[PDB]
DNA sequence: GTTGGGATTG
DNA sequence: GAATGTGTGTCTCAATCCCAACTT
DNA sequence: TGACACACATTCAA
Ligand SMILES: [Ca+2]
Ligand SMILES: [Ca+2]
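Following this line, the structure appears as structure tokens:
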């Protein structure tokens with residue numbers, strides 16, 4: 015509904031300029047030649063090229079290329095044919111033709127070799143691939159097919175550019191029009207004109223290779239040839255080693271699901287990924303090598319990766335000490351968790367077990383809310399908003415940031431320690447209550463990692479602000495900062511407020527067929543050692 | 001005719 | 001009865017087409 | 001496009 019018909023080409027020329035000035039030193043010979051050559055195309059053909067780069071395929075029937083802004087599809091496509099950037103009569107493997115053509119058209123083309131039953135499209139290919147392994151020009155499948163198919167052949171450079179400008183490959187160019195329409199509305203940070211996503215080109219190239227390995231894997235191919243291509247020595251850049259170490263982790267998971275534990279051990283062991291060490295032990299155990307398992311677990315319990323790894327090691331060590339001759343480690347006492355049982359009539363009809371306990375528990379002198387990590391994450395997101403989106407160098411390179419780029423980075427707290435000391439300071443004097451309504455009214459709806467506007471109504475915001483102790487908020491917000499990925503979930507299903515007694519209690523509801531998860535248990539027990547009001551409500555039916 | 005999942009699209 | 005492995009649904013931007021599968 | 005929580009199945013060491 016915005017004016018201009020060509021906005022998407024304005025936006026693409028826009029990103030070409032931005033990579034021209036910000037990434038100038040990072041471009042190559044072949045690449046900088048592309049940005050130059052692109053600017054010389056007619057407006058009609060530059061527009062078509064942006065359409066194909068923005069749609070799903072690398073392959074298109076001329077028929078699917080109808081656009082009003084560009085009059086003729088065939089006319090606009092010639093200057094692109096000249097650079098070899100768009101192929102006509104490209105080569106299509108059997109499977110790819112099944113994408114381009116309807117089942118009607120495919121039925122006739124292979125009309126000979128389908129006699130058996132009329133059957134599905136996914137099924138045809140299964141029975142039709144052994145007959146047609148080879149790939150052919152579109153002309154060599156049916157010689158008279160008069161509709162071109164186009165293959166955009168320069169797409170690799172475009173993803174390299176998209177990756178450099180955005181700094182993660184999941185965001186589309188559609189980020190532009192959505193922001194303009196006011197659909198996804200982002201916070202605007204003012205960062206330096208020299209700040210950018212990637213420093214070295216070898217950083218871009220490495221990200222791109224890891225992305226290639228999961229692409230080739232989520233299709234597959236064996237890892238046996240993939241781990242040939244991955245580096246066997248850690249990456250220079252920390253964020254890359256983050257990405258690589260995670261990739262290794264997920265490959266090892268796929269191994270474990272195929273019951274290949276001897277390889278699973280080798281893979282987990284060379285990933286630094288969270289809980290990788292644990293899956294390594296549990297993998298060795300699954301593969302019946304108990305001797306190595308026990309030694310790894312003993313090594314881990316000495317300086318454990320996390321409270322969650324402590325929590326799992328507290329199960330693995332004694333079982334291993336069981337299948338080995340060793341004396342068991344008597345596990346710890348737990349403070350216990352405040353039990354509440356409810357016998358409720360049947361659904362009918364569902365209506366989750368959680369919602370039902372919310373209506374049951376409301377006194378009405380009691381108010382009860384369904385918020386899962388919504389309320390603590392959100393209050394934190396509001397209070398520390400000015401610290402989170404603080405303009406720290408290399409934390410923002412574009413307009414579309416939903417969270418700082420350094421968010422999971424280990425020293426992220428330390429770099430902002432100023433504004434965090436200030437925002438966390440508002441708990442010590444009274445100023446947090448007003449400050450949170452201030453960031454809340456001003457910043458409502460803006461995309462942020464922690465703030466669930468959907469969840470946070472006026473009633474819940476001010477009920478929580480006056481029933482939640484300043485000091486308990488200090489505790490939870492400090493714990494949240496200790497491991498951002500590892501502590502932002504586990505929180506309970508419900509929180510209830512008694513505003514007259516300015517009390518609250520958080521309640522986890524477990525229907526039959528759920529137990530308390532490990533991270534949930536950490537959250538409950540952390541509160542319970544701090545003498546915070548949490549409780550677990552287990553429901554039975556009758 | 002209906003679903004229902006996808007792409008596409010501003 | 002724990003403790004595991006493993007499968008499923010919910011978020012969605014919303015509106016519109018275009019197909020493939022099912023149901024009449 | 002995952003991250004989360006839940007639901008259900010399987011396999012064990014008390
Ligand atoms: Ca829940
Ligand atoms: Ca629950």
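Residue numbers (the entry's author numbering): 15 to 556. Idealized CB from N, CA, C, for every residue including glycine.
Beta-carbon gap between residue i and residue j smaller than 9 Å
| i | j | result |
| --- | --- | --- |
| residue 561 | residue 512 | Outside the modelled stretch of the chain, which goes from 15 to 556, sits residue 561, for which no answer is possible. |
| residue 36 | residue 208 | yes |
| residue 412 | residue 179 | yes |
| residue 308 | residue 335 | yes |
| residue 102 | residue 143 | no |
| residue 462 | residue 253 | no |
| residue 521 | residue 507 | yes |
| residue 58 | residue 77 | no |
| residue 94 | residue 145 | no |
| residue 548 | residue 355 | no |
| residue 40 | residue 212 | yes |
| residue 133 | residue 125 | no |
| residue 149 | residue 107 | yes |
| residue 566 | residue 184 | Because the chain in this structure spans residues 15 to 556, residue 566 falls outside the shown range and cannot be described. |
| residue 387 | residue 199 | no |
| residue 478 | residue 538 | no |
| residue 168 | residue 97 | yes |
| residue 469 | residue 392 | yes |
| residue 277 | residue 294 | no |
Nearest to residue i (by Cα), restricted to the options the options
| i | options | result |
| --- | --- | --- |
| residue 261 | 232, 228, 269 and 176 | 228 |
| residue 113 | 163, 91 and 132 | 163 |
| residue 171 | 555, 150, 243 and 218 | 218 |
| residue 366 | 464, 505 and 523 | 523 |
| residue 224 | 552, 196, 245 and 44 | 245 |
| residue 497 | 536, 519, 485 and 517 | 536 |
| residue 431 | 460, 492, 476 and 372 | 492 |
| residue 239 | 226, 51 and 137 | 226 |
| residue 505 | 23, 161, 550 and 467 | 550 |
| residue 116 | 130, 100, 500 and 136 | 136 |
| residue 190 | 33, 29, 233 and 154 | 29 |
| residue 313 | 50, 322 and 327 | 327 |
| residue 24 | 194, 410, 438 and 399 | 194 |
| residue 311 | 331, 322, 304 and 302 | 331 |
| residue 325 | 459, 289 and 304 | 289 |
| residue 297 | 317, 483 and 270 | 270 |
| residue 105 | 393, 460, 204 and 72 | 72 |
| residue 385 | 295, 362 and 510 | 510 |
| residue 75 | 83, 51, 96 and 100 | 100 |
| residue 488 | 427, 526, 442 and 361 | 442 |
| residue 351 | 364, 542, 319 and 466 | 542 |
| residue 429 | 416, 449, 19 and 406 | 406 |
| residue 437 | 400, 159 and 545 | 400 |
| residue 481 | 83, 138, 518 and 420 | 518 |
| residue 527 | 555, 197, 544 and 545 | 555 |
| residue 320 | 500, 87, 377 and 485 | 500 |
Reduced DSSP category for residue i - H, G, I as helix; E, B as strand; rest coil
| i | result |
| --- | --- |
| residue 356 | strand |
| residue 274 | coil |
| residue 72 | coil |
| residue 508 | strand |
| residue 86 | coil |
| residue 10 | The structure shown does not extend to residue 10, since the chain spans only 15 to 556, so no value can be given for it. |
| residue 106 | strand |
| residue 502 | coil |
| residue 176 | helix |
| residue 200 | strand |
| residue 217 | helix |
| residue 130 | coil |
| residue 101 | strand |
| residue 125 | coil |
| residue 210 | coil |
| residue 151 | strand |
| residue 236 | coil |
| residue 93 | helix |
| residue 187 | coil |
*Which parts of the stretch 373-419 are runs of the alpha helix (DSSP H), unbroken and 4 residues or longer, counting only runs that do not cross its ends?*
388-397 and 399-402
*Could you pull out every unbroken alpha helix (DSSP H) segment of at least 4 residues lying fully inside the stretch 513-554, listed in chain order?*
532-543
*Taking only runs of the alpha helix (DSSP H) that begin and end inside the stretch 422-489, which ones reach a length of at least 4 residues, in chain order?*
426-429, 431-439, 446-457 and 472-481
*Which parts of the stretch 318-371 are runs of the alpha helix (DSSP H), unbroken and 4 residues or longer, counting only runs that do not cross its ends?*
321-337
*Around ligand 2, Cβ to any heavy atom closer than 6 Å, ordered along the chain*: 368, 507, 522, 523, 524 and 528
*Would you list, in sequence order, the uninterrupted beta strand (DSSP E) runs of no fewer than 3 residues that lie entirely inside the stretch 26-78?*
73-75
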